[PDB]
Protein chains: 2
Amino acid sequence: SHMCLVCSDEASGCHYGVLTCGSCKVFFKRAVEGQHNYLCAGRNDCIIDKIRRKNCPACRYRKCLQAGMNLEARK
Amino acid sequence: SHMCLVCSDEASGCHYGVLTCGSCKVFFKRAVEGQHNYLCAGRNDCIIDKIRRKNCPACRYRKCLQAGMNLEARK
DNA sequence: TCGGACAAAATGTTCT
DNA sequence: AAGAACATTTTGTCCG
Ligand SMILES: [Zn+2]
Ligand SMILES: [Zn+2]
Ligand SMILES: [Zn+2]
Ligand SMILES: [Zn+2]
């Protein structure tokens with residue numbers, strides 16, 4: 001009820017359509033708006049938790065999108 | 001040879017006993033001088049190349065050790 | 001070579 | 001729920 005759905009950290013509230021923490025909220029906006037081409041170094045199935053969420057932006061971003069995060073969600 | 005044995009970027013010379021780039025040189029020094037309680041988000045065999053070497057410090061440090069890097073290489 | 005200082009990228013928190 | 005500003009962590013380059 002107060003776990004980030006992306007990294008399981010303590011969730012602040014609902015951001016861009018999904019219960020997430022502050023760090024995943026800002027990560028998501030940066031991933032969408034910025035140009036990076038994230039690439040997984042594993043098997044496209046990395047564990048994303050409070051510690052490990054720094055280790056694979058590709059899998060973190062993929063999880064944000066799959067949980068349904070969207071920038072224009074207030075519309 | 002002219003390629004870093006850890007990440008396959010252009011090597012800048014032989015550092016801590018091994019042909020490596022400057023980024024792997026300082027990454028290793030920082031890991032050995034400091035803490036290196038890193039956690040892999042995959043299965044401890046992450047691919048370490050020029051872009052993905054940022055992803056997993058745990059597997060990067062393992063690759064430095066496996067290549068034989070050591071601080072007292074000189075003396 | 002090795003390492004300090006500087007610089008940049010990447011991530012996270014506070015405040016409105 | 002959203003985003004600007006700041007702060008920290010992590011990484012990489014220069015060394016007129
Ligand atoms: Zn999160
Ligand atoms: Zn991954
Ligand atoms: Zn390297
Ligand atoms: Zn790994």
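The figures here come from the full heavy-atom set of this structure, side chains too, leaving out hydrogens, waters and symmetry mates. Just so we're on the same page: letters track the sequence lines, and every chain starts at 1.
- C:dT14 atom P lies 13 Å from atom NE2 of A:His15, rounded to whole Å.
- Rounded to a whole Å, the NZ atom of A:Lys29 is 11 Å from the P atom of D:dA5.
- The base of D:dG3 does not come close enough to the side chain of A:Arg30 for any donor and acceptor atom to sit less than 3.5 Å apart.
- Phosphate contact (OP1/OP2 of D:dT10, side-chain N/O of A:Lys54, threshold under 4.0 Å): present.
- For A:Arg53 and C:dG12, a side-chain-to-base donor-acceptor distance below 3.5 Å is absent, hydrogens and geometry of angles not being considered.
- Taking atom CD1 of A:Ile51 as the reference point, atom P of D:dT9 lies 15 Å away to the nearest angstrom.
- D:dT9 atom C1' lies 11 Å from atom CD of B:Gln35, rounded to whole Å.
- A sub-4.0 Å separation between OP1 or OP2 of D:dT10 and a side-chain N or O of B:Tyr38 is absent.
- Ring pair A:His36/A:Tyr38 is parallel by interplanar angle, where below 30° counts as parallel and above 60° as perpendicular.
- The CG atom of A:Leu5 sits 8.0 Å away from the OG1 atom of A:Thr20 when rounded to the nearest 0.5 Å.
- Between A:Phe28 and A:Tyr16, the angle of the ring planes lies from 30° to 60°, which puts this pair in the tilted group.
- Taken together, the paired segments of DNA chain D that extend over three or more consecutive Watson-Crick or G-U pairs, each closer than 3.5 Å at both contacts, are C:3-16 with D:2-15.
- As rounded to whole Å, 17 Å separates atom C1' of D:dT10 from atom NE2 of B:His36.
- The distance from atom CZ of B:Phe27 to atom NZ of B:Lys54, rounded to the nearest 0.5 Å, is 13.0 Å.
- In this structure, OH of A:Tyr61 is placed 16 Å from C1' of C:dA10, rounded to the nearest angstrom.
- Residue contacts for B:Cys14: at a heavy-atom cut-off of 4.0 Å it reaches the sugar-phosphate backbone alone, with no base atom in range.
- Residue-environment remark: CZ (A:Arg43) exceeds the threshold of 12 foreign heavy atoms within 6.0 Å.
- One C1' atom belongs to C:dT1, the other to D:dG16, and the distance between them is 22 Å to the nearest Å.
- The residue among B:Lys50 and A:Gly13 whose nearest nucleotide of DNA chain D is located toward the 5' end is A:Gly13.
- The pair B:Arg53-B:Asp9 meets the salt-bridge criterion, with a side-chain N (NZ, NE, NH1 or NH2) lying under 4.0 Å from an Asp/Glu carboxylate O.
- Along DNA chain D, the nucleotide closest to A:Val26 and the one closest to A:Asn70 are compared, and the more 5′ of them pairs with A:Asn70.
- Side-chain atoms of A:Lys25 come within donor-acceptor range of the base of D:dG3, with a qualifying N/O pair under 3.5 Å.
- For C:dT11, neither phosphate oxygen OP1 nor OP2 lies less than 4.0 angstrom from any side-chain nitrogen or oxygen of A:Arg52.
- With B:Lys63 contributing its side chain and B:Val6 its backbone, the two residues share a donor-acceptor pair below 3.5 Å.
- Remark: P of D:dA2 and CZ of A:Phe28 are 11 Å apart, rounded to the nearest angstrom.
- Atom CZ in B:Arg74 sits about 6 Å away from atom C1' in C:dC2, given to the nearest Å.
- When every heavy atom of B:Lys25 is checked against every heavy atom of B:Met69, the shortest pair comes out as CA-CE, 4.5 Å.
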